[PDB]
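Undergrad: In the authors' numbering, the protein residues as written are 54 to 573, 576 to 861.
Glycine included, C-beta positions come from ideal geometry on N, C-alpha and C.
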Ligand SMILES: *[C@@H]1O[C@H](CO)[C@@H](O[C@@H]2O[C@H](CO)[C@@H](O[C@@H]3O[C@H](CO[C@H]4O[C@H](CO[C@H]5O[C@H](CO)[C@@H](O)[C@H](O)[C@@H]5O)[C@@H](O)[C@H](O[C@H]5O[C@H](CO)[C@@H](O)[C@H](O)[C@@H]5O[C@H]5O[C@H](CO)[C@@H](O)[C@H](O)[C@@H]5O)[C@@H]4O)[C@@H](O)[C@H](O[C@H]4O[C@H](CO)[C@@H](O)[C@H](O)[C@@H]4O[C@H]4O[C@H](CO)[C@@H](O)[C@H](O)[C@@H]4O)[C@@H]3O)[C@H](O)[C@H]2NC(C)=O)[C@H](O)[C@H]1NC(C)=O
Ligand SMILES: CC(=O)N1CCN(c2ccc3ncn(CC(=O)N(C)Cc4ccc(C#N)c(Cl)c4)c(=O)c3c2)CC1
Ligand SMILES: [Ca+2]
Ligand SMILES: [Cl-]
Ligand SMILES: [K+]
Ligand code: NA
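1. By alpha-carbon positions, which one of 495, 389 and 766 ends up nearest to residue 193?
2. Which partner residues of residue 795 appear in the DSSP bridge assignment?
3. What do you reckon, is the C-beta of residue 812 under 7 Å from a heavy atom of ligand 6?
4. Using the Cα positions of residue 62 and residue 257, report the straight-line distance between them to the nearest angstrom.
5. Hey, how far is the Cα of residue 467 from the Cα of residue 475?
6. Run the CB neighbour count on residue 655, radius 10 Å, all protein chains shown included, and call it buried at 16 or more, exposed below.
7. Is it the case that the Cβ atoms of residue 187 and residue 311 are separated by a distance below 8 Å?
8. Specify whether the segment 627–643 and the segment 697–716 touch according to this definition: at least 3 beta carbon pairs, one from each stretch, less than 8 Å apart.
9. Does the beta-carbon of residue 241 have 16 or more other beta-carbons within 10 angstroms, so that it is buried, or is it exposed?
10. Pick out every residue whose C-beta is nearer than 6 Å to a heavy atom of ligand 6: which are they, in chain order?
11. On the criterion of 16 or more Cβ atoms from any shown chain inside 10 Å, does residue 552 qualify as buried, or is it exposed?
12. Three or more C-beta pairs under 8 Å: does that hold for the segment 718–735 against the segment 635–644?
13. Taking the straight line between their C-alpha atoms, what separation do you get for residue 261 and residue 523?
14. Bridge partners of residue 602, per DSSP?
15. How many whole angstroms separate the CB atoms of residue 507 and residue 526, which I take to be in contact at a CB cut-off of 8 Å?
16. Would you grab the beta carbon distance between residue 483 and residue 203 for me? Rounded to a whole angstrom, and I think it's under 8 Å.
17. In chain order, what residues of the same chain lie with their CB nearer than 8 Å to the CB of residue 169, ignoring the 5 residues before and after it?
18. Is the beta carbon of residue 587 within less than 7 Å of some heavy atom of ligand 2?
19. For residue 249, is the classification buried or exposed, using 16 other Cβ atoms within 10 angstroms of its Cβ as the cut-off for buried?
20. Are the Cβ atoms of residue 855 and residue 162 separated by less than 8 Å?
21. Could you pull the start and end residues of the beta strand (DSSP E) that residue 618 belongs to?
22. For residue 370, report the span of its beta strand (DSSP E) as first-last.
23. Would you mind stating whether residue 154 and residue 502 have Cβ atoms separated by less than 8 Å?
24. Are there any heavy atoms of ligand 3 lying less than 7 Å away from the beta-carbon of residue 524, as far as the coordinates show?
25. At what residues does the alpha helix (DSSP H) containing residue 91 begin and finish?
26. Quick one: residues with CB closer than 6 Å to any heavy atom of ligand 7, in chain order, please.
27. Rounded to the nearest angstrom, what separates residue 472 and residue 478 at their Cα positions?
28. Assuming contact is defined by CB atoms lying nearer than 8 Å, are residue 300 and residue 270 in contact in what I supplied?
29. Taking the alpha-carbon of residue 671 as reference, which of 731, 610 and 566 has the nearest alpha-carbon?
30. Report yes or no: do three or more beta-carbon pairs, one from the segment 762–769 and one from the segment 450–469, lie closer than 8 Å?
31. Secondary structure at residue 285, three-state DSSP: helix, strand or coil?
32. When you compare only the Cα positions, how much space is there between residue 222 and residue 233?
33. What are the start and end residues of each continuous alpha helix (DSSP H) run of 4 or more residues lying completely inside the segment 469–552, in chain order?
34. Helix or strand or just coil, what does DSSP make of residue 713?
35. Tell me the DSSP bridge mates of residue 55?
36. Looking at the strands, I want to know which residues DSSP matches up with residue 424.
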């Protein structure tokens with residue numbers, strides 16, 4: 054309450070009561086000293102030097118200075134050298150490679166300045182290029198991606214705090230712009246004081262990582278009323294502090310273009326000016342750095358949080374059109390929906406009835422309901438008590454609301470928003486920007502699109518920090534950097550495989566299985584043993600066997616057409632690997648073999664599944680990981696019916712799996728010039744995105760110890776140069792992968808009553824995944840043996856095939 058900001062303007066360490074505050078957040082708290090506006094928010098004469106001000110006598114009342122002592126004081130207007138000393142604007146200088154940091158004496162490391170822009174959609178870089186010369190120079194001279202993928206939901210606070218932490222929102226806890234925490238019994242909103250409480254904010258953001266390791270860094274937050282020109286001048290003044298006091302990491306935040314984009318839509322004619330204004334702010338920063346002789350010293354990152362889509366009030370779905378009992382729910386509305394019971398601890402609120410009432414009710418329905426554990430695993434949006442059990446994924450360009458009165462406000466509801474964001478993070482309009490410029494970034498370099506979760510590790514590298522544990526894959530963005538301080542290495546294999554031979558006679562098994570395999576030589580007798588010993592393994596295991604990164608007991612099983620790693624604990628393969636060439640032939644399962652399952656004489660009865668359990672379980676059927684349809688010969692096809700290739704499958708899911716195996720695998724082999732497929736089960740009953748231990752499994756095949764997978768994955772690899780076949784590729788690889796939910800119905804697919812050709816591939820595309828997602832869910836490590844660099848393989852493992860257009 055009481056005291057003064059004299060000598061304290063934008064102080065870096067925040068003070069507690071009794072003392073009032075003078076730091077860059079005091080306005081948000083209504084806790085600034087009474088003279089903060091007078092001393093710290095000077096506006097007199099605006100932000101630019103003019104010719105008549107050059108060499109003026111210093112007037113301490115001015116916003117910034119054009120007096121001769123201003124460089125020494127560190128408080129010149131940013132254009133001072135241009136107007137008063139014949140210098141050129143940074144933007145007017147030619148791009149010149151920054152091979153080494155060119156820093157003043159006393160600089161122990163290149164500072165990092167993070168320039169974050171709210172709502173800056175990726176395509177602004179092309180579509181607004183004529184009005185953003187400073188930004189276009191950073192982009193073309195530095196390192197840029199064509200776009201950067203935000204996290205879900207594609208909202209401001211979840212994405213900004215992901216930038217700062219390298220964590221998914223479910224881990225850092227900022228799961229939306231609005232949230233309710235049922236343990237706190239409290240709500241977080243963009244406006245208000247509740248968000249000030251540290252209890253909402255988990256993980257370890259960069260400013261804390263830096264400070265713990267002796268690198269000075271304040272928080273990245275800004276009070277909204279502090280104008281942009283003053284934020285830039287404040288950063289430039291901090292950069293003028295003595296070496297022992299000066300931060301090494303800085304954050305500028307702009308509320309634009311998002312603020313205007315909501316009002317005018319992403320490409321409204323009103324959007325040109327906010328793009329020009331952000332560009333001018335970038336120019337002020339670069340000119341100011343150039344004055345301080347820091348423009349070839351500092352690393353600058355120009356980064357957005359999310360993009361912006363066209364969304365209008367008339368494109369609103371109302372839950373009151375679907376639910377008779379809409380007053381029994383609370384909805385977090387908008388470009389996503391989150392539903393919970395209106396009254397806490399209510400015994401007779403049924404999420405299953407709500408889901409049903411919201412499922413495929415109108416043909417053009419513009420949202421889909423999910424239990425959060427059923428959302429695509431790529432969204433990583435479930436493991437937090439602030440995420441409601443019922444989630445509505447809203448179509449791009451749409452909103453969901455509970456009742457019409459929520460949207461059309463009195464008198465009679467006019468709209469007055471035309472843009473919004475928050476949709477699925479694969480949606481093109483939600484993609485945002487990344488540019489890195491400075492001595493540590495590459496020169497004039499384009500990099501592929503990547504996810505914002507990866508940036509925290511890079512920012513730690515840029516500062517010489519060890520990153521806190523996060524969801525980036527450290528090394529996957531080494532290709533952005535001229536000088537890398539991190540050398541990634543493969544995780545050590547924890548469990549070594551057994552390689553069993555023929556150890557059991559047929560009569561030792563009592564599995565209740567049958568197969569018509571007795572029917573029908577010395578030439579093909581040796582060839583069989585060779586195949587069982589691994590003679591075709593270099594064809595079907597193209598990138599080495601996967602490493603198992605936890606303690607377990609498993610066997611490598613070789614066959615003519617496929618190899619597998621068979622878990623004696625889970626009684627099924629952890630992975631099955633097989634290559635299908637462009638020329639491969641699809642065949643049927645012969646009539647006489649429809650219900651064939653065969654004991655595997657390499658694997659004990661005690662470590663085998665059994666057909667009786669499947670007969671008895673009236674809900675559960677089975678399928679096979681290596682598909683019998685893709686056998687190389689009628690004789691090799693018998694290997695596909697081994698009990699060691701069988702996995703539990705609901706009949707509903709078998710429709711999906713059989714279409715993938717019979718139709719799609721061969722299609723991809725045709726289109727990609729062969730594919731290598733690795734398939735397997737995933738168990739994630741606690742929806743944490745991580746491999747379950749055996750004591751976490753909640754469902755088994757009835758009367759057995761056969762665990763039921765929650766999902767089934769495949770990783771489908773080929774040669775990036777598709778003129779070379781998958782099995783003879785000399786260069787970089789191409790991958791697409793999926794994690795399909797193992798569900799007892801196809802309620803997710805509204806067209807599922809149609810032939811699989813009309814709906815299965817759409818479902819698979821929705822559940823596209825990165826190899827890294829499968830690695831977390833399985834405890835396996837892939838691509839152990841390739842001819843490619845490890846950094847390149849880490850980039851491959853973070854790739855997501857999105858299926859969007861351009
Ligand atoms: C994405 O990356 C992240 C980060 O690597 C991955 O998330 C990590 O996942 C780990 C495994 O699940 C998990 O380990 C837990 O940790 C428990 C301790 O957790 C607290 O302390 C953490 C460390 O804090 C310190 O270091 C950090 C540096 O990062 C500093 O910032 C801190 O200030 C500290 O110095 C802390 O990060 C963690 O934060 C969570 O909880 C906070 C308060 O609720 C939230 O504010 C915050 O947002 C985090 O919330 C997330 O994570 C929790 C789970 O921790 C989750 O519930 C939330 O929904 C949200 O997702 C805490 O403050 C530790 O007790 C655990 O050990 C128990 O379980 C294991 C078995 O799983 C046993 O081996 C062990 O013996 C022990 O068992 C005993 O206790 C059990 C009950 O806990 C009991 O049932 C049992 O019977 C036993 O008695 C375990 O190690 C990390 O916490 C987690 N980190 C984060 C930030 O989320 C994530 O998995 C990656 N995702 C993917 C898909 O790969
Ligand atoms: C964790 C912690 O140290 N806390 C909790 C938050 N507290 C706090 C106190 C005051 C504030 N004034 C203003 N704004 C608005 C704002 O800063 N924007 C919109 C930009 C922005 C920048 C970086 C991140 C990031 N990362 C985020 Cl998400 C948002 C606040 O968000 C704000 C927050 C400070 C103490
Ligand atoms: Ca799990
Ligand atoms: Cl939200
Ligand atoms: K059955
Ligand atoms: Na359906």
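TA: Quick look at the numbers:
1. Along the chain shown, one-based indexing puts residue 193 at 140. When each option's Cα is compared against that of residue 193, the closest is 495.
2. Numbered from its first residue, the chain shown carries residue 795 at position 740. Its beta-bridge partners are 767.
3. Walking along the chain shown from the start, residue 812 turns up at place 757. Not so, every heavy atom of ligand 6 lies at least 7 Å from the Cβ.
4. The count along the chain shown starts at 1 and reaches residue 62 at position 9. The count along the chain shown starts at 1 and reaches residue 257 at position 204. Spanning the two alpha carbons is a distance of roughly 27 Å.
5. Against the chain shown, residue 467 aligns to sequence position 414. Against the chain shown, residue 475 aligns to sequence position 422. Straight-line Cα distance between these residues: approximately 22 Å.
6. In the chain shown, the residue the question calls residue 655 occupies position 600. Counting Cβ neighbours within 10 Å, residue 655 comes out buried, since at least 16 surround it.
7. By one-based count along the chain shown, residue 187 stands at place 134. By one-based count along the chain shown, residue 311 stands at place 258. No, they are not a contact pair.
8. yes
9. As a first step, residue 241 is located in the chain shown; it is residue number 188 there, counting from the start. Residue 241 comes out buried.
10. 801, 802, 804, 805 and 807
11. The residue given as residue 552 occupies position 499 in the chain shown. It counts as exposed.
12. yes
13. The residue labelled residue 261 in the question sits at position 208 within the chain shown. The residue labelled residue 523 in the question sits at position 470 within the chain shown. Their Cα atoms are separated by approximately 14 Å.
14. Here the question's residue 602 lines up with position 547 in the chain shown. 836, per the DSSP bridge assignment.
15. By 1-based counting over the chain shown, the position of residue 507 is 454. By 1-based counting over the chain shown, the position of residue 526 is 473. Residue 507 to residue 526, Cβ: 7 Å. Contact.
16. Working through the chain shown from its first residue, we reach residue 483 at position 430. Working through the chain shown from its first residue, we reach residue 203 at position 150. Sure, about 6 Å apart at Cβ, within 8 Å.
17. Position 116 of the chain shown holds residue 169. Excluding sequence neighbours, residue 169 sits near 213, 216, 273, 304, 305, 306, 307, 356, 357 and 358.
18. On the chain shown, residue 587 is found 532 positions in, with the first residue counted as 1. False, no ligand heavy atom lies under 7 Å from that Cβ.
19. Mapped onto the chain shown, residue 249 falls at position 196. Per the 10 Å Cβ criterion, exposed.
20. For the purposes of this step, residue 855 is taken as the residue at position 800 of the chain shown. For the purposes of this step, residue 162 is taken as the residue at position 109 of the chain shown. It is not a contact, given that the beta carbons lie outside the stated cut-off.
21. By 1-based counting over the chain shown, the position of residue 618 is 563. 618–622 is the extent of the beta strand (DSSP E) around residue 618.
22. The residue you call residue 370 lines up with position 317 of the chain shown. Here the beta strand (DSSP E) through residue 370 covers 369–371.
23. Walking along the chain shown from the start, residue 154 turns up at place 101. Walking along the chain shown from the start, residue 502 turns up at place 449. Result no, Cβ atoms of residue 154 and residue 502 do not sit closer than 8 Å.
24. Taking the first residue of the chain shown as 1, we reach residue 524 at position 471. Residue 524 Cβ: outside cutoff for every heavy atom of ligand 3.
25. If you number the chain shown from 1, residue 91 lands on position 38. Unbroken alpha helix (DSSP H) run through residue 91: 89–93.
26. The model on display carries ligand 1, ligand 2, ligand 3, ligand 4, ligand 5 and ligand 6 but not ligand 7.
27. Working through the chain shown from its first residue, we reach residue 472 at position 419. Working through the chain shown from its first residue, we reach residue 478 at position 425. Each residue's alpha carbon lies about 16 Å from the other.
28. Counting from one through the chain shown, the residue named residue 300 turns up at place 247. Counting from one through the chain shown, the residue named residue 270 turns up at place 217. Yes.
29. By 1-based counting over the chain shown, the position of residue 671 is 616. The option with the nearest alpha carbon to residue 671 is 566.
30. no
31. Sequence index remark: in the chain shown, residue 285 carries index 232 (1-based). It is helical.
32. The residue labelled residue 222 in the question sits at position 169 within the chain shown. The residue labelled residue 233 in the question sits at position 180 within the chain shown. Taking the straight line from one Cα to the other gives about 14 Å.
33. 508–515
34. Taking the first residue of the chain shown as position 1, residue 713 is located at position 658. Helix, per DSSP.
35. Counting from 1 along the chain shown, the entry for residue 55 is found at position 2. The partner list for residue 55 (beta bridge, DSSP) reads 72.
36. Here residue 424 refers to the residue found at position 371 when the chain shown is read from its first residue. In the DSSP output, where bridge partners are listed per residue, residue 424 has 443.
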